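Working notes for the structure below.
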Amino acid sequence: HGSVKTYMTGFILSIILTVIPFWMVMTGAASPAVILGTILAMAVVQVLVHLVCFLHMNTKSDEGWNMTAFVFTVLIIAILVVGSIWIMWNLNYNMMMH
Amino acid sequence: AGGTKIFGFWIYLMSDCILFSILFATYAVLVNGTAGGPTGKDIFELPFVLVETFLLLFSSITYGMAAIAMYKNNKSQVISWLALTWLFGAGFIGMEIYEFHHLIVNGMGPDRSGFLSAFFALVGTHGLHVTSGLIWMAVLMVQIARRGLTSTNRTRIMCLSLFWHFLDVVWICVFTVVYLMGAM
Amino acid sequence: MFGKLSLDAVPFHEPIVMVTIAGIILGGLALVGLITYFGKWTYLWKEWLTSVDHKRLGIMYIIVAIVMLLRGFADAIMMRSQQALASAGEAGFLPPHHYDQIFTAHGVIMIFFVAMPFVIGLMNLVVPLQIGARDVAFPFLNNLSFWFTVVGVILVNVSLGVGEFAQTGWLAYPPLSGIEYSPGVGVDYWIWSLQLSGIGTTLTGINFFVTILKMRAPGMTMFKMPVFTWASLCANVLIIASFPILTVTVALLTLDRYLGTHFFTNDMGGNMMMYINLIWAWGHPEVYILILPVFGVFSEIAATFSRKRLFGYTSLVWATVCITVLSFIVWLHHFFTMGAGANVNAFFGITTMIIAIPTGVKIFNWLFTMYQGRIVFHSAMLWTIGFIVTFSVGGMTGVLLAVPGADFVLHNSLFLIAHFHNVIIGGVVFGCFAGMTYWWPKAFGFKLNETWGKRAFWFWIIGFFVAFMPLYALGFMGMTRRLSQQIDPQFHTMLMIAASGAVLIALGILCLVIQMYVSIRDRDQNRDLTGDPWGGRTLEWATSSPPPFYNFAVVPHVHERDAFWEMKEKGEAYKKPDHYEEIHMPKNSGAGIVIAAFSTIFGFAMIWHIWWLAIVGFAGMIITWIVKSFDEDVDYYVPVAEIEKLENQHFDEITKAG
Amino acid sequence: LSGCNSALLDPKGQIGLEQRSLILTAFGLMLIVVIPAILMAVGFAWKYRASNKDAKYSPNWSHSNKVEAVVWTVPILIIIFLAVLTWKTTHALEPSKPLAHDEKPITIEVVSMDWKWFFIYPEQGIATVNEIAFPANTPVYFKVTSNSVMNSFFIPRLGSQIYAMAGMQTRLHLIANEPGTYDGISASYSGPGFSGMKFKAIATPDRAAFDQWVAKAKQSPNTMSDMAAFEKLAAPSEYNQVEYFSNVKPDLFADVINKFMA
Ligand SMILES: CCCCCCCCCCCCCCCCCC(=O)OC[C@H](COP(=O)([O-])OCC(O)COP(=O)([O-])OC[C@@H](COC(=O)CCCCCCCCCCCCCCCCC)OC(=O)CCCCCCCCCCCCCCCCC)OC(=O)CCCCCCCCCCCCCCCCC
Ligand code: HEO
Ligand SMILES: COC1=C(OC)C(=O)C(C/C=C(\C)CC/C=C(\C)CC/C=C(\C)CC/C=C(\C)CC/C=C(\C)CC/C=C(\C)CC/C=C(\C)CCC=C(C)C)=C(C)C1=O
Ligand SMILES: CCCCCCCCCCCCCCCCCC(=O)OC[C@H](COP(=O)(O)OCCN)OC(=O)CCCCCCCCCCCCCCCCC
Ligand SMILES: CCCCCCCCCCCCCCCC(=O)OC[C@H](COP(=O)(O)OC[C@@H](O)CO)OC(=O)CCCCCCCCCCCCCCC
Ligand SMILES: CCCCCCCCCCCCCCCC(=O)OC[C@H](COP(=O)(O)OC[C@@H](O)CO)OC(=O)CCCCCCCCCCCCCCC
Ligand SMILES: CCCCCCCCCCCCCCCC(=O)OC[C@H](COP(=O)(O)OC[C@@H](O)CO)OC(=O)CCCCCCCCCCCCCCC
Ligand SMILES: CCCCCCCCCCCCCCCC(=O)OC[C@H](COP(=O)(O)OC[C@@H](O)CO)OC(=O)CCCCCCCCCCCCCCC
Ligand SMILES: CCCCCCCCCCCCCCCC(=O)OC[C@H](COP(=O)(O)OC[C@@H](O)CO)OC(=O)CCCCCCCCCCCCCCC
Ligand code: HEM
Ligand SMILES: [Cu+2]
Ligand SMILES: [Zn+2]
């Protein structure tokens, strides 16, 4: 259970972390690497902001099993996505006419 | 039993997160399978996506307002905030349907290429989740109006809170990975 | 108005399939007529079909599993006969169009509707009792999950008489399973059966996970739970984390087949290698989901029938957790030969053979549980010992396949068939039979016949070895899986030995059927009066046999591992409580069966492209869901008088016994 | 069980010989621990049966640091050795890795069809169905693709299989240590004609015999000089007899692959 103040804080932070990436990509603010790093980092930070301010994620709810489940799910997603990308990159490279 | 249900719904949402992750991996694998058709840069209109993002974020904040009203035991404010959230989500869905219709009528639908298939799968799965959330929200609004803020309805409001905020989090991931990275 | 559905879908021309359809229809009519004659329709509907009691649902799961085991084994027998005939230089009786259906359906049935429902039903029956809970966290969800499983069973069986089943292998690799090369309805039967059953499987995973986390009796910390509960928890974690993968992968295949999308097609930017990657990312966690619960069963049985504490409890629990985590980082060993290169293959082979260490730790912990015990050779213990031997061999061959260099020449060979049948039968099937024998008195209140149980065990183990060791040899001789026609004659001797082994397994199944019949016939002489027939150690043996529909009149309080054994050692077992209190219980609901029926209609309509009927079915599912959401009376209180009466009868039994 | 004269336990190719050695090594390493497990199961069952009143009974003995340490460490050592061998051999037996050999490799292009194997000898300008020849003790470079669906090109007595995917090229290197006729199959089920997807790999005693085979193929009245002829050959068929084609279109393998990469 949050409050109005934390909800508005998350709202403003989400607005900033959403506007900046869109402006950076639209206007070509910096180099492609800088733009990519900025948008990815801000996306991760905004996800954290939503998890804290809006979902009230904490290490005590449900005897800590709420946080445990979230962290385990993030690890499983990392395994699945990174492994799939790595496997498919290697497979596609080995599928070429070389 | 409310806490048990809310925790169980959180676990279900973890499973839904893995579902979306598989869709994201498929999109990453197939993003360049454009098959001589449009790429992301040729169809992603960033101002449109920004308006959609703001609609979904406003809906998340309004649901937070509804939850706050629920903890203040104010039925009318709960219903009003839920209605505003429903309108914002409906606007997001309408914009998404308009985008998909525009792509389809111009021979740019999922059957055109692997990239378009993956884009439709990911974005439309998110949209289907939003539509389910909207049907759920409408049912819950009617139930709250019929019987007020019972313990049953409070647990349901919390479960739908989890669902709606999670949908906006998934959308953060979606716009970052799909639209911003394709447009760049 | 009927989509593609037409009279031509019925395979009139096929005599074997037509005879089977007639036989199944006659059996269904006989069952309906017997239920009518005894007038048990109301009893069935009110006590089993709408039941939200986990014990009833577990029994129903196992009933479904055994009935589908019959069909899966009939498929296996047909395949063995066809291969024996074809290796002799004859056409046999199954042409490829039917044989390929047969092996695809055999795989799908044995995995999703025999193995999965069996372990799920065992967990349903046992876990709430072991932790001292009165029910699962979400009883109505439990009923709905069972009925979604039934939806899958119905769809796969309907594929027999209407259209045909997929001819692609049990995982439906594209582009062979795609619309271009599989234009028929078979892949759609596969798709919708799996999707509808997977919904229920995911819900079951969530239900059991929350149940174990939240509904344990006071004082039972995580490291005081019975090992079977730990295994169930890990299996449900794997279900929750992996079955969404199957949902998405099958949905993408569905989009490819129905909407002409290009996820897995040969051209237009599709990539079928992605389908193989995803399907196996689900697939390996599936085998670990199957094996973990039976590891728990074997732990319980070995401790009980050794009259000894389980050895290395903490080591066992952490090995289970390790296997759980590692089951998600090995899936590429299923397509080592697709050409991912040495780095990827080596990494995944190494992870695969790493996850073998905790399994060996488990095997040796069981061995040392038997060490310096007093081993009673109950049929359940025979299953346990046979599992140790057989599963050791099977896991050894699996570890061999984990080496990519060896897999390059053993992939898709009958060596692979032998390996996964070795592990499946030696672990999952043996453990399912062991747990069924072990908990039959708890479920029904009387013991199974031991003579026919032991005969069934001996037939099963000897027949497995005779049936599948020749397949290891055949794999070394270069015979590949899914061959049916003009099989090379030098495989003929091994194929004949395999057929004879299959016949021995058929005799084992007959022995099981006879065992059930005889046990039911003589149930009055083999009653379980005290609820503790084996001298068990966990809380499920603290109740009556069968337990009262509410499990425990008073939620027990645990102080140590093996709570019931400690209660017996301290004299605290069978103590009449000073007073009783009303018990909150969930009411039975017909909503789950209605949602499942609408889902069945929806799946059938989608298979035959009956769009209006599919819309009706989907709308029915959602509308029934909403209407149920409007229900208020979903619980009731058991009066103290009822509890007093049941507890008094149980205590009269306890006093009479001793 | 196994078979002494089996394709994998009696291989005739270098890759297959190394794979046999790898299999035997892994088998022995695993036996080191598997045999004690089975023997202990049976021996503990017998010795500590409830009947035996002489055997020691320890109902409350449930933890032993020494026993747990041994049961954890022995598998760890076995698996460390197995993992080192796995890394080394996986990198040594990589299918795309060309072999170290004095003789120049012969390139054979492989196209799986429904349901038969089509082979192109780009250097010799011939093509065949369900039969390949090459000199023994001469490395063979296989370029593998599929025309319809997943197949697996496999000559069990020579060594590794490799998947054949449409629009994709996989590479396999094999060599025959002795001349002979070796059975070839598809190891990935590809449809109703799968059972008949057999071919013969003839390892000739010397290059003269391979040249005679090439010349015999060159006198074929039929040609594969156009994609239309390939499409005619690719119409579904089963249990295809051996056929030879002369004047194969150059870059035919590339054209087959490009059919799916538009
Ligand atoms: C506290 C709440 C808050 C926690 C959350 C906050 C922290 C967040 C961090 C995440 C949480 C971590 C887990 C903490 C559990 C908390 C609960 C708790 O501790 O109390 C319950 C419980 C208390 O229950 P109890 O009722 O009081 O009874 C306990 C008895 O006293 C016991 O009596 P016993 O006689 O039966 O003792 C049994 C003893 C076994 O009996 C022995 O003493 C013989 C020892 C055998 C040595 C051989 C080791 C085998 C492992 C090989 C590893 C090779 C090197 C790995 C290199 C990497 C691979 C390249 O222990 C074992 O079973 C060993 C199993 C180890 C296998 C793990 C897999 C190996 C990879 C991890 C390497 C580190 C392992 C450390 C080894 C510790 C040895 C004690 O605590 C215990 O379980 C006892 C201690 C054993 C803990 C095992 C630790 C597991 C290690 C996993 C780390 C993974 C690395 C990180 C990766 C994560 C992302 C992938
Ligand atoms: C529930 C069933 C189940 C179980 C439990 C296992 C367990 C294991 N499996 Fe199996 N498998 C199962 C069922 C399947 N497997 C497959 C495919 C498959 C493949 C792919 C091969 C290919 O496609 O060519 C590999 C490499 C393995 C390896 C392993 C390993 C290393 C284990 C390890 O978990 C086993 C560890 C256990 C051991 C080793 C025995 C006990 C240990 C001892 C005695 C002491 C310690 C010993 C050592 C350290 C060596 N499996 C397929 C696919 C079939 C299809 O394609 O249709 C199926 C269905
Ligand atoms: C390809 O088909 C093959 C298999 O699958 C691969 C097999 O299973 C088999 C082996 C079959 C065996 C004998 C296994 C027997 C094991 C049995 C008893 C367990 C089976 C479980 C069941 C009771 C089914 C449970 C699910 C059901 C209740 C769902 C109902 C599905 C039904 C019966 C199929 C629908 C059939 C239709 C109604 C046909 C349409 C009727 C027509 C209009 C006219 C019919 C005319 C005739 C002549 C009566 C063969 C023969 C085969 O070749
Ligand atoms: C590659 C990807 C492929 C897969 C695609 C997946 C697409 C589907 C994704 C969306 C899944 C939707 C998940 C819906 C979550 C709702 C779960 C739920 O019921 O919440 C539990 C909550 C607990 O409260 P309780 O008192 O116990 O009531 C239980 C129900 N009787 O109970 C309640 O609060 C009451 C809920 C009332 C029931 C509301 C149901 C609305 C959702 C219907 C879903 C179908 C929508 C169709 C979409 C349009 C299709 C064109
Ligand atoms: C679970 C997987 C999720 C993936 C979803 C994406 C796949 C669906 C793609 C559309 C099918 C292909 C086109 C066939 C149709 C086709 O080719 O016909 C072309 C047709 C245009 O012609 P009309 O039908 O308007 O013409 C008719 C007149 O001439 C006479 O009345 O396009 C459409 O109307 C479809 C636009 C629907 C767009 C909205 C649906 C988007 C998906 C759902 C998103 C979620 C939110 C929905 C909430 C309600
Ligand atoms: C796969 C398709 C399944 C059919 C779905 C449609 C269901 C139709 C029945 C619903 C209306 C019932 C109205 C109740 C009306 C009512 O109150 O009386 C129902 C009545 C219950 O009375 P009893 O049989 O208990 O006898 C009464 C005496 O005991 C005196 O009290 O039963 C019947 O006469 C038959 C009804 C069920 C017939 C079964 C349907 C066929 C099912 C086939 C499934 C295969 C077999 C497997 C079973 C495990
Ligand atoms: C995938 C699932 C497929 C079905 C599996 C096979 C089971 C079939 C049912 C067995 C026969 C039940 C006999 C009732 C026995 C009987 O007498 O009923 C018992 C019950 C109560 O009647 P009584 O007269 O005993 O009144 C007692 C009162 O005190 C109220 O509790 O009646 C009902 O409430 C209706 C139940 C029947 C209707 C349920 C089936 C309908 C749903 C399934 C079909 C789908 C419909 C949608 C399609 C568009
Ligand atoms: C070689 C491979 C290496 C494997 C290492 C894996 C390490 C595993 C560590 C898990 C983190 C434990 C932290 C819990 C911290 C927490 O909040 O729980 C606290 C909990 C304490 O519970 P109790 O208060 O009942 O007391 C139990 C004892 O600690 C008292 O002595 O800690 C445990 O004992 C848990 C033991 C691990 C059991 C793991 C269960 C499975 C984990 C996955 C759950 C999420 C599923 C989501 C579904 C998508
Ligand atoms: C166009 C053709 C339409 C035919 C539809 C067939 C409807 C038949 C309903 C049979 C229900 C059997 C009752 C068993 C009785 C039983 O035990 O189940 C009762 C169960 C839940 O009822 P309650 O919430 O009152 O709980 C009663 C007990 O379960 C107490 O726990 O089901 C319902 O009442 C849901 C009703 C669904 C109604 C579905 C509406 C039809 C959907 C199709 C519409 C399509 C429109 C398209 C628009 C795009
Ligand atoms: C009861 C004894 C059983 C026998 C005699 C048996 C026999 C076989 C046979 C003959 C095949 C085809 C092998 C080949 O391709 O040549 C096979 C495939 C298979 N079996 Fe079994 N089986 C049995 C039990 C089981 C069980 C319990 C499971 C799993 C739970 C299972 C799962 C499979 C799977 C997944 C396949 C692969 C199907 C595929 O081709 O797609 N079997 N079975
Ligand atoms: Cu695996
Ligand atoms: Zn490929």
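We label chains A, B, ... in the order they appear in the structure tokens, count residues from 1 in each chain, and number ligands from 1 in the order shown.
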
Nearby residues, ligand 2, 6 Å, only C-alpha atoms and all ligand atoms, as a PDB file with N, CA, C and O atoms, in the first residue's frame:
```pdb
ATOM      1  N   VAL C 287      10.501 -32.853 -18.616  1.00  0.00           N
ATOM      2  CA  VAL C 287      10.954 -34.145 -18.109  1.00  0.00           C
ATOM      3  C   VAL C 287      11.349 -34.013 -16.646  1.00  0.00           C
ATOM      4  O   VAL C 287      11.117 -34.924 -15.840  1.00  0.00           O
ATOM      5  N   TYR C 288      11.928 -32.872 -16.265  1.00  0.00           N
ATOM      6  CA  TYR C 288      12.258 -32.710 -14.849  1.00  0.00           C
ATOM      7  C   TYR C 288      11.006 -32.525 -13.990  1.00  0.00           C
ATOM      8  O   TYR C 288      10.966 -32.995 -12.846  1.00  0.00           O
ATOM      9  N   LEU C 290       8.288 -34.090 -14.587  1.00  0.00           N
ATOM     10  CA  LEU C 290       7.819 -35.460 -14.418  1.00  0.00           C
ATOM     11  C   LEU C 290       8.637 -36.212 -13.373  1.00  0.00           C
ATOM     12  O   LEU C 290       8.079 -36.967 -12.571  1.00  0.00           O
ATOM     13  N   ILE C 291       9.958 -36.029 -13.365  1.00  0.00           N
ATOM     14  CA  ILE C 291      10.793 -36.896 -12.534  1.00  0.00           C
ATOM     15  C   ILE C 291      10.845 -36.437 -11.075  1.00  0.00           C
ATOM     16  O   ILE C 291      10.954 -37.271 -10.173  1.00  0.00           O
ATOM     17  N   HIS C 333      20.895 -29.620 -25.645  1.00  0.00           N
ATOM     18  CA  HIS C 333      21.360 -30.975 -25.896  1.00  0.00           C
ATOM     19  C   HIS C 333      20.353 -31.780 -26.705  1.00  0.00           C
ATOM     20  O   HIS C 333      20.696 -32.863 -27.183  1.00  0.00           O
ATOM     21  N   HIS C 334      19.134 -31.269 -26.883  1.00  0.00           N
ATOM     22  CA  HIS C 334      18.155 -31.907 -27.750  1.00  0.00           C
ATOM     23  C   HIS C 334      18.363 -31.591 -29.227  1.00  0.00           C
ATOM     24  O   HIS C 334      17.776 -32.273 -30.069  1.00  0.00           O
ATOM     25  N   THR C 352      24.534 -29.972 -19.025  1.00  0.00           N
ATOM     26  CA  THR C 352      23.730 -31.186 -18.957  1.00  0.00           C
ATOM     27  C   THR C 352      24.361 -32.219 -18.037  1.00  0.00           C
ATOM     28  O   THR C 352      23.674 -32.835 -17.215  1.00  0.00           O
ATOM     29  N   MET C 353      25.662 -32.446 -18.172  1.00  0.00           N
ATOM     30  CA  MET C 353      26.299 -33.436 -17.316  1.00  0.00           C
ATOM     31  C   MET C 353      26.548 -32.908 -15.909  1.00  0.00           C
ATOM     32  O   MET C 353      26.731 -33.709 -14.989  1.00  0.00           O
ATOM     33  N   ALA C 356      23.593 -33.729 -13.653  1.00  0.00           N
ATOM     34  CA  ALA C 356      23.543 -35.130 -13.253  1.00  0.00           C
ATOM     35  C   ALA C 356      24.075 -35.375 -11.844  1.00  0.00           C
ATOM     36  O   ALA C 356      23.748 -36.407 -11.250  1.00  0.00           O
ATOM     37  N   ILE C 357      24.890 -34.469 -11.300  1.00  0.00           N
ATOM     38  CA  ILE C 357      25.474 -34.695  -9.976  1.00  0.00           C
ATOM     39  C   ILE C 357      24.410 -34.759  -8.884  1.00  0.00           C
ATOM     40  O   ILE C 357      24.426 -35.716  -8.091  1.00  0.00           O
ATOM     41  N   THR C 359      21.364 -35.666  -9.025  1.00  0.00           N
ATOM     42  CA  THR C 359      20.620 -36.915  -9.158  1.00  0.00           C
ATOM     43  C   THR C 359      21.379 -38.078  -8.529  1.00  0.00           C
ATOM     44  O   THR C 359      20.785 -38.922  -7.845  1.00  0.00           O
ATOM     45  N   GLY C 360      22.690 -38.143  -8.750  1.00  0.00           N
ATOM     46  CA  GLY C 360      23.486 -39.159  -8.083  1.00  0.00           C
ATOM     47  C   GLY C 360      23.491 -38.988  -6.577  1.00  0.00           C
ATOM     48  O   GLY C 360      23.457 -39.970  -5.828  1.00  0.00           O
ATOM     49  N   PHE C 391      16.767 -46.647 -13.324  1.00  0.00           N
ATOM     50  CA  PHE C 391      17.034 -45.236 -13.537  1.00  0.00           C
ATOM     51  C   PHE C 391      18.520 -44.940 -13.519  1.00  0.00           C
ATOM     52  O   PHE C 391      18.964 -44.047 -14.238  1.00  0.00           O
ATOM     53  N   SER C 392      19.313 -45.661 -12.722  1.00  0.00           N
ATOM     54  CA  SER C 392      20.754 -45.496 -12.827  1.00  0.00           C
ATOM     55  C   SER C 392      21.215 -45.773 -14.250  1.00  0.00           C
ATOM     56  O   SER C 392      21.942 -44.969 -14.849  1.00  0.00           O
ATOM     57  N   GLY C 395      19.863 -42.937 -16.680  1.00  0.00           N
ATOM     58  CA  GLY C 395      20.588 -41.695 -16.511  1.00  0.00           C
ATOM     59  C   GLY C 395      22.012 -41.780 -17.007  1.00  0.00           C
ATOM     60  O   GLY C 395      22.558 -40.797 -17.506  1.00  0.00           O
ATOM     61  N   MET C 396      22.636 -42.950 -16.877  1.00  0.00           N
ATOM     62  CA  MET C 396      23.960 -43.138 -17.455  1.00  0.00           C
ATOM     63  C   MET C 396      23.929 -42.945 -18.967  1.00  0.00           C
ATOM     64  O   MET C 396      24.767 -42.232 -19.536  1.00  0.00           O
ATOM     65  N   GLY C 398      21.750 -41.276 -20.617  1.00  0.00           N
ATOM     66  CA  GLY C 398      21.487 -39.864 -20.843  1.00  0.00           C
ATOM     67  C   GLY C 398      22.740 -39.015 -20.747  1.00  0.00           C
ATOM     68  O   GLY C 398      22.979 -38.139 -21.582  1.00  0.00           O
ATOM     69  N   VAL C 399      23.559 -39.263 -19.726  1.00  0.00           N
ATOM     70  CA  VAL C 399      24.814 -38.531 -19.590  1.00  0.00           C
ATOM     71  C   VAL C 399      25.710 -38.800 -20.789  1.00  0.00           C
ATOM     72  O   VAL C 399      26.398 -37.900 -21.282  1.00  0.00           O
ATOM     73  N   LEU C 401      24.636 -39.370 -23.822  1.00  0.00           N
ATOM     74  CA  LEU C 401      24.083 -38.522 -24.872  1.00  0.00           C
ATOM     75  C   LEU C 401      24.413 -37.051 -24.651  1.00  0.00           C
ATOM     76  O   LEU C 401      24.396 -36.272 -25.609  1.00  0.00           O
ATOM     77  N   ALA C 402      24.710 -36.651 -23.414  1.00  0.00           N
ATOM     78  CA  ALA C 402      25.073 -35.264 -23.148  1.00  0.00           C
ATOM     79  C   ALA C 402      26.395 -34.870 -23.795  1.00  0.00           C
ATOM     80  O   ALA C 402      26.636 -33.677 -23.995  1.00  0.00           O
ATOM     81  N   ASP C 407      26.594 -37.754 -29.162  1.00  0.00           N
ATOM     82  CA  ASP C 407      25.256 -37.447 -29.649  1.00  0.00           C
ATOM     83  C   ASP C 407      25.234 -37.301 -31.162  1.00  0.00           C
ATOM     84  O   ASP C 407      24.211 -37.576 -31.795  1.00  0.00           O
ATOM     85  N   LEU C 410      24.470 -40.721 -32.039  1.00  0.00           N
ATOM     86  CA  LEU C 410      23.345 -41.349 -31.362  1.00  0.00           C
ATOM     87  C   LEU C 410      22.056 -40.541 -31.425  1.00  0.00           C
ATOM     88  O   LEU C 410      21.011 -41.051 -31.013  1.00  0.00           O
ATOM     89  N   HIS C 411      22.093 -39.312 -31.935  1.00  0.00           N
ATOM     90  CA  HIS C 411      20.900 -38.478 -31.948  1.00  0.00           C
ATOM     91  C   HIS C 411      19.805 -39.111 -32.799  1.00  0.00           C
ATOM     92  O   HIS C 411      20.053 -39.567 -33.918  1.00  0.00           O
ATOM     93  N   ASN C 412      18.590 -39.141 -32.252  1.00  0.00           N
ATOM     94  CA  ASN C 412      17.408 -39.656 -32.938  1.00  0.00           C
ATOM     95  C   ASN C 412      17.515 -41.147 -33.242  1.00  0.00           C
ATOM     96  O   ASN C 412      16.647 -41.703 -33.918  1.00  0.00           O
ATOM     97  N   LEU C 416      18.613 -43.287 -28.295  1.00  0.00           N
ATOM     98  CA  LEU C 416      17.891 -42.203 -27.636  1.00  0.00           C
ATOM     99  C   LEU C 416      16.516 -42.661 -27.163  1.00  0.00           C
ATOM    100  O   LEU C 416      16.084 -42.327 -26.049  1.00  0.00           O
ATOM    101  N   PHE C 420      15.373 -42.491 -23.147  1.00  0.00           N
ATOM    102  CA  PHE C 420      14.289 -41.748 -22.525  1.00  0.00           C
ATOM    103  C   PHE C 420      13.164 -42.674 -22.083  1.00  0.00           C
ATOM    104  O   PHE C 420      12.502 -42.380 -21.090  1.00  0.00           O
ATOM    105  N   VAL C 423      14.600 -43.871 -18.585  1.00  0.00           N
ATOM    106  CA  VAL C 423      14.358 -42.925 -17.497  1.00  0.00           C
ATOM    107  C   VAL C 423      12.863 -42.787 -17.228  1.00  0.00           C
ATOM    108  O   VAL C 423      12.429 -42.840 -16.077  1.00  0.00           O
ATOM    109  N   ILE C 424      12.041 -42.661 -18.274  1.00  0.00           N
ATOM    110  CA  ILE C 424      10.609 -42.468 -18.056  1.00  0.00           C
ATOM    111  C   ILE C 424      10.009 -43.663 -17.324  1.00  0.00           C
ATOM    112  O   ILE C 424       9.389 -43.510 -16.275  1.00  0.00           O
TER     113      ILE C 424
ATOM    114  N   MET D  30      31.545 -43.336 -16.323  1.00  0.00           N
ATOM    115  CA  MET D  30      30.248 -43.376 -15.665  1.00  0.00           C
ATOM    116  C   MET D  30      30.033 -44.688 -14.926  1.00  0.00           C
ATOM    117  O   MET D  30      29.423 -44.696 -13.852  1.00  0.00           O
ATOM    118  N   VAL D  33      30.905 -45.128 -11.141  1.00  0.00           N
ATOM    119  CA  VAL D  33      29.954 -44.784 -10.097  1.00  0.00           C
ATOM    120  C   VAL D  33      28.612 -45.493 -10.266  1.00  0.00           C
ATOM    121  O   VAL D  33      27.920 -45.722  -9.268  1.00  0.00           O
ATOM    122  N   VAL D  34      28.219 -45.843 -11.489  1.00  0.00           N
ATOM    123  CA  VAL D  34      26.920 -46.470 -11.700  1.00  0.00           C
ATOM    124  C   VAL D  34      26.916 -47.894 -11.159  1.00  0.00           C
ATOM    125  O   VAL D  34      25.958 -48.324 -10.507  1.00  0.00           O
ATOM    126  N   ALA D  37      26.378 -48.079  -7.519  1.00  0.00           N
ATOM    127  CA  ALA D  37      25.003 -47.756  -7.147  1.00  0.00           C
ATOM    128  C   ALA D  37      24.101 -48.982  -7.252  1.00  0.00           C
ATOM    129  O   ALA D  37      23.347 -49.292  -6.325  1.00  0.00           O
ATOM    130  N   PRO D  75      31.054 -37.927  -7.789  1.00  0.00           N
ATOM    131  CA  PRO D  75      30.433 -37.420  -9.018  1.00  0.00           C
ATOM    132  C   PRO D  75      31.072 -36.144  -9.517  1.00  0.00           C
ATOM    133  O   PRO D  75      31.159 -35.946 -10.730  1.00  0.00           O
ATOM    134  N   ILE D  79      32.531 -35.852 -13.219  1.00  0.00           N
ATOM    135  CA  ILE D  79      31.956 -34.879 -14.138  1.00  0.00           C
ATOM    136  C   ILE D  79      32.988 -33.855 -14.575  1.00  0.00           C
ATOM    137  O   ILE D  79      32.925 -33.363 -15.698  1.00  0.00           O
TER     138      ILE D  79
END
```

What residues in chain D have any atom no more than 12 Å from chain B when counting only C-alpha atoms, and can you write them as a list in words?
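Every residue meeting the condition is included here: residues 260, 261 and 262 of chain D.
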
Output file for the selection above: N, CA, C and O atoms, as a compact mmCIF listing (two decimals), in the first residue's frame:
```
# COMPACT_ATOMS: atom_id res chain seq x y z
N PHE D 260 14.61 -20.24 -51.03
CA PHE D 260 13.96 -19.91 -49.77
C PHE D 260 14.43 -18.59 -49.17
O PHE D 260 13.79 -18.09 -48.25
N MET D 261 15.53 -18.03 -49.67
CA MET D 261 15.98 -16.69 -49.30
C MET D 261 15.74 -15.81 -50.52
O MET D 261 16.62 -15.61 -51.35
N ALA D 262 14.53 -15.28 -50.62
CA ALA D 262 14.15 -14.45 -51.75
C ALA D 262 14.83 -13.08 -51.67
O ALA D 262 14.56 -12.20 -52.48
```

Env. residues ligand 7 / 6 Å / only C-alpha atoms and all ligand atoms / as a ChimeraX atom specification
/C:41-42,45,151,593-594,596-598

Might you pull out every residue within 12 Å of residue 183 in chain B, with only C-alpha atoms counted and same-chain residues fewer than 6 positions away left off, and present them as JSON, numbers by chain?
{"A": [21, 22, 23, 24, 25, 26, 27, 28, 32, 35, 36], "B": [39, 40, 41, 42, 43, 44, 45, 46, 47, 49, 175, 176, 177]}
